[PDB]
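Since every read-out is calculated from the coordinates, none of them should be taken as a lab result. So basically every Cβ, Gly included, is an ideal-geometry build from the backbone, and we count neighbours across all protein chains shown.
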Amino acid sequence: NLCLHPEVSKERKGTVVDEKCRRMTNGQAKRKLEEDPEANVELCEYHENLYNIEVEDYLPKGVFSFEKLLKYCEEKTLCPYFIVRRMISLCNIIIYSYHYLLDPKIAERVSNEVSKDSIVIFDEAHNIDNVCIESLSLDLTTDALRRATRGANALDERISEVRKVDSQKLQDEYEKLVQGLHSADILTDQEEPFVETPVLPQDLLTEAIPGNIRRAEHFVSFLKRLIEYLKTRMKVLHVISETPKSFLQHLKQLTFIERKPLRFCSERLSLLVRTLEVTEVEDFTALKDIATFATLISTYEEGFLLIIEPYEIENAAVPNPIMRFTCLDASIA
Amino acid sequence: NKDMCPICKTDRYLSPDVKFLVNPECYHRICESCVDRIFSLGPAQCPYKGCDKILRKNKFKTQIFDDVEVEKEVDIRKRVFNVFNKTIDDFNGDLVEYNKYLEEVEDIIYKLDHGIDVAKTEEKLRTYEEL
Amino acid sequence: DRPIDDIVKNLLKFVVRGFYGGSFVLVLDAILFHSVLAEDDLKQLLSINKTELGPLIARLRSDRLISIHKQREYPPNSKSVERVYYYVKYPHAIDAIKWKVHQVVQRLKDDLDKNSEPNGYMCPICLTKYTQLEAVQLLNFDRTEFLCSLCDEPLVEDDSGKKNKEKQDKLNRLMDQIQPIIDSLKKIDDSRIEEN
Amino acid sequence: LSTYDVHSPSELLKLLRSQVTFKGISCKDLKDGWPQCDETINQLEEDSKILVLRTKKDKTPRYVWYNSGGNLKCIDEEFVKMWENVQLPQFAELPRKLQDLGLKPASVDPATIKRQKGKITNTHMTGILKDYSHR
Amino acid sequence: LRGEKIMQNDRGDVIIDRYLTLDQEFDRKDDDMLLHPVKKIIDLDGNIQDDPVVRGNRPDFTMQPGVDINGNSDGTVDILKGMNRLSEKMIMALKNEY
Ligand code: SF4
Ligand SMILES: [Zn+2]
Ligand SMILES: [Zn+2]
Ligand SMILES: [Zn+2]
């Protein structure tokens with residue numbers, strides 16, 4: 001809703017916009033360009049211009065609506081998204097949707113800027129419970145798991161190629177993991193995690209990575225057999241509803257996976273993707289859904305139900321099994 | 001190798017009751033009809049070109065995970081986990097030691113799957129089990 | 001004029017060409033190009049006398065790839081005559097093809113299974129076949145050789161021990177050469193065909 | 001003035017394909033005006049592009065037909081003999097056997113098919129009026 | 001043209017039916033012409049895209065266009081779009097150069 005880049009703004013998908021915008025502003029492109037001007041990596045003039053001017057002087061004092069904000073930014077050739085996000089601390093009143101305050105994926109970053117003692121107002125809150133229930137939910141289909149295997153296979157191939165040319169990149173991250181540093185410390189402010197934290201910030205474990213997923217290859221095997229297990233459960237010929245605890249117990253019995261490694265699936269995957277420095281993440285997008293499932297199901301145990309139904313659309317000639325991780329408690333979020 | 005026995009080429013369409021089993025030795029798919037015909041009398045060489053490993057009839061088992069490679073990792077992990085059994089309490093709360101121990105076990109499993117140091121890895125596994 | 005009709009037509013043409021001779025292709029193709037052909041018309045089309053057409057029609061009727069229909073006719077200026085027409089009944093032809101293919105595959109599978117069994121024995125003189133279990137109760141007092149009950153002569157081992165690979169190759173060749181039939185049958189089963 | 005203006009294998013195939021009926025074309029008539037055609041017919045038969053009927057006294061080409069199917073020869077003689085050996089089951093009992101074997105039958109047993117007042121005083125005006133029994 | 005649901009292939013007309021592909025091409029061109037940026041106050045594309053990362057539970061079939069057994073579209077959405085196109089054509093034609 002705020003992008004002004006002629007190429008990225010034309011994208012029809014919000015996520016695609018994020019992928020392109022991050023690529024031009026992750027900071028990797030700028031560093032690569034500085035190292036070698038001959039590099040053909042592009043940038044975003046709107047984002048670059050913000051560096052010259054100070055944060056406190058991005059916009060003149062006053063109220064800036066979307067229409068007015070876009071007009072000013074276009075004239076001054078600046079990015080409204082970065083200006084608005086970076087000015088949260090300075091703003092006296094901040095207006096944003098419920099998804100920026102109840103959905104942990106796009107709320108942990110924003111919630112850190114708003115003041116604790118601020119007045120909170122919920123307008124048209126008669127449907128808030130739906131947002132809370134829909135924030136900690138997830139649906140996995142047969143296609144999602146199929147792409148997950150493809151992404152895992154591609155991830156393994158990329159890791160091998162990176163190992164052949166230079167393995168020092170992975171060694172440095174492994175040392176940091178052993179030291180106990182998490183994504184927050186490893187990743188810089190400019191960069192963003194590949195997989196947004198699906199669980200609430202307070203439920204994230206603070207201890208170090210278990211170790212089974214410290215190595216690049218061990219985590220890939222951990223990811224691979226987890227995907228296969230989900231594919232096995234899709235073959236059920238009748239509706240099965242079970243609590244997360246039962247799902248974890250059956251998972252462990254068949255393929256040896258514990259609760260704790262699953263809780264770090266989202267965090268570990270982001271680090272691995274960043275280390276591999278993959279220019280394109282089109283294939284790996286599928287792995288994002290699986291990573292979200294592992295953390296959600298391995299973090300919460302009460303108020304969530306896992307339902308697998310062979311028939312997503314009852315009026316279908318061929319069954320299309322779908323497994324839904326649904327949140328029943330609207331007060332958790 | 002889509003839905004038929006590579007040996008007898010029995011299609012599922014003509015014989016829907018046909019089922020397949022895999023021996024943990026070389027993870028080679030084969031129909032139960034061929035298993036009864038060949039291995040029932042006694043052990044014999046696997047009926048694939050370029051494969052000569054001797055496999056017993058009783059060792060045959062059904063395949064759970066569709067991916068053959070994942071099946072090998074799980075079965076190897078099952079064997080390793082039987083020998084290696086420890087918990088966080090065993091280390092007296094030392095998380096660093098527990099994490100290092102888990103990493104070593106994963107390395108052992110990875111080596112066994114790829115057979116980089118099968119001779120040395122197997123010897124180390126045997127020593128721990130006896131001890 | 002659904003594609004299902006064309007698929008069934010292809011199955012019949014391939015089956016006839018692969019499992020029947022040349023004149024069989026001529027007869028069945030004519031009734032496939034023309035939905036119904038009279039006996040006299042079929043003879044004129046292929047220029048084959050009654051005797052030659054005899055075995056072809058009879059054999060194709062036995063496998064039910066063709067059906068017969070006899071009705072009385074009353075020509076305006078001739079004596080009433082009983083005419084014969086030939087046409088294809090797809091539900092029966094498909095069912096007959098499916099069962100026959102299954103039997104051939106099953107027979108080869110049984111032969112392959114049997115060959116792996118112990119050879120056995122047979123008497124050179126009276127040509128009587130003795131199984132391994134049956135011969136083990138006929139060995140002489142010296143425990144040296146098996147003696148035939150009828151001839152009282154030493155038995156000789158049976159052949160086919162080394163044919164194990166031969167039967168497997170035969171089974172492989174059939175399935176490789178029969179794949180189009182399996183694919184056509186799968187497509188036919190997917191859809192529905194009305195009785196003709 | 002040949003009956004059929006055919007001199008090359010390509011021309012022969014075009015003529016046979018264009019035939020509206022399945023009536024064959026006599027090689028005796030076709031050979032007229034063509035110095036040699038038996039070799040061409042035999043070569044086409046080997047290629048499995050034309051159906052050929054041959055004499056019995058000695059192998060000699062006769063009426064030929066366009067081949068609308070696949071290869072004329074595609075099965076070993078051993079399998080052909082096995083196909084002949086198998087005897088088809090009873091006409092009515094075939095669907096039952098197929099269902100038991102696990103294969104969906106395309107036919108059904110024919111036996112299952114189903115084959116399917118007092119004196120009227122009002123005199124002078126008895127016939128003019130029609131009977132509107134219902135509405 | 002009149003929005004009547006396209007029943008199973010009927011007699012129709014041999015010649016006029018050949019223009020169906022051209023008519024569909026014209027409709028696509030008309031839809032592209034009608035499409036234009038909308039005022040942000042009433043814009044609905046941004047509302048659904050305001051949270052691009054949301055991946056909640058998929059809604060039931062009651063909140064999705066009807067589909068057939070084979071999975072193909074029922075065809076009711078096609079006639080509904082025709083109503084929108086016809087109304088938009090009428091309203092846009094009002095704002096002529098004159
Ligand atoms: S920095 Fe702003 S203008 Fe540039 S691509 Fe990202 S959102 Fe668009
Ligand atoms: Zn087999
Ligand atoms: Zn083998
Ligand atoms: Zn004898």
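I'd like the residue in the stretch B:1-60 that is among the hydrophobic types (A, V, I, L, M, F, W, C) and within 20 Å of C:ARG173 (Cα to Cα) and, out of all such residues, is farthest from the other protein chains (Cβ to nearest Cβ). Per the stated criteria, the residue is B:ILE30. I want to confirm something. Restricting to the stretch A:9-34 and keeping residues that are more than 19 Å from E:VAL38 (Cα to Cα) and not in a helix (DSSP H, G or I), which single residue is nearest to ligand 2 (Cβ to nearest atom)? Step by step, filter the stretch A:9-34, then rank; the result is A:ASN26. Scan the stretch B:11-32 for residues that are near ligand 2 (Cβ under 9 Å from one of its atoms) and out of contact with any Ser or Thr (no Cβ under 7 Å at 6 or more places or on another chain) and report the count. Looking only at that region, the number is 3.
Against the test of being more than 14 Å from ligand 2 (Cβ to nearest atom) and more than 12 Å from the chain's Cα centre (by Cα), the options B:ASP36, B:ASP66, B:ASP75 yield a single qualifying residue, B:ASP66. Screening D:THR40, D:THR21 for residues that are among the hydroxyl-bearing types (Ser, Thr, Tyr) and within 14 Å of chain C (Cβ to nearest Cβ) leaves exactly one candidate, D:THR21. For the stretch E:9-23, the criterion of being out of contact with any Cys (no Cβ under 7 Å at 6 or more places or on another chain) and within 14 Å of another protein chain (Cβ to nearest Cβ) is met by at least one residue. State whether one or more residues within the stretch E:76-87 are of a type in the set (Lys, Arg) and in a loop (DSSP other than H, G, I, E, B). So far as the stretch E:76-87 goes, no, none of its residues is of a type in the set (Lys, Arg) and in a loop (DSSP other than H, G, I, E, B). Could you tell me whether A:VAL16 is away from chain E (no Cβ under 14 Å), more than 16 Å from ligand 4 (Cβ to nearest atom) and either of a type outside the set (S, T, N, Q) or touching a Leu at 6+ places or on another chain (Cβ under 9 Å) (or both)? No, not satisfied.
Taking the numbered list (1) within 25 Å of A:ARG22 (Cα to Cα); (2) of a type in the set (A, V, I, L, M, F, W, C); (3) away from chain E (no Cβ under 14 Å) in turn, A:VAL178 passes all entries but (1). In the stretch A:9-28, the residues that are crowded, with 17+ Cβ neighbours inside 10 Å form Cβ pairs under 6 Å with partners that are part of a helix (DSSP H, G or I), at six or more places apart or across chains, as follows: A:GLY14/E:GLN49; A:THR25/A:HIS47. Could you tell me whether C:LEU108 is within 18 Å of the chain's Cα centre (by Cα) and within 16 Å of ligand 2 (Cβ to nearest atom)? So C:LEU108 fits the description; yes. For the structure I just gave you, tell me whether B:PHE84 is within 18 Å of the chain's Cα centre (by Cα) and surrounded by 12 or more Cβ atoms within 10 Å (Cβ to Cβ). Taking the combined requirement at face value, the residue satisfies it. Out of A:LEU78, A:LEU145, one residue alone is surrounded by 19 or more Cβ atoms within 10 Å (Cβ to Cβ), part of a loop (DSSP other than H, G, I, E, B) and touching a helix residue (DSSP H, G or I) at 6+ places or on another chain (Cβ under 6 Å). It is A:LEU78. When C:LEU28, C:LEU42, C:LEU46 are checked against the criterion of being buried (at least 18 other Cβ atoms within 10 Å of the Cβ), facing chain D (nearest Cβ under 9 Å) and closer than 30 Å to C:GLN177 by Cβ, C:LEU46 stands alone in meeting it. What is the residue count in the stretch B:83-107 for residues that are part of a helix (DSSP H, G or I) and within 11 Å of another protein chain (Cβ to nearest Cβ)? Within the stretch B:83-107, residues that are part of a helix (DSSP H, G or I) and within 11 Å of another protein chain (Cβ to nearest Cβ) number 13. For the stretch B:107-131, give me each residue that is among the aliphatic types (A, V, I, L, M) and surrounded by 10 or more Cβ atoms within 10 Å (Cβ to Cβ). Result: B:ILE108, B:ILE109, B:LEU112, B:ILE116, B:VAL118, B:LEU125. Looking across C:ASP152, C:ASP176, one residue alone is on the phi > 0 side of the Ramachandran plot and exposed (fewer than 14 other Cβ atoms within 10 Å of the Cβ). It is C:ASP152. Entry remark, the stretch C:63-109: residues being within 10 Å of chain D (Cβ to nearest Cβ) and not in a loop (DSSP other than H, G, I, E, B) number 19 in total.
When the stretch C:122-154 is filtered for residues that are closer than 25 Å to C:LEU112 by Cα and under 38 Å from the mean Cα position of the chain (by Cα), the ones remaining, listed by number, are C:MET122, C:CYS123, C:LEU127, C:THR128, C:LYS129, C:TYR130, C:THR131, C:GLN132, C:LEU133, C:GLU134, C:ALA135. Report the residue count in the stretch D:88-118 for those that are under 30 Å from C:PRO55 (Cα atoms) and either among the small types (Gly, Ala, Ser) or more than 9 Å from chain C (Cβ to nearest Cβ) (or both). Residues that pass the stated criteria total 9.
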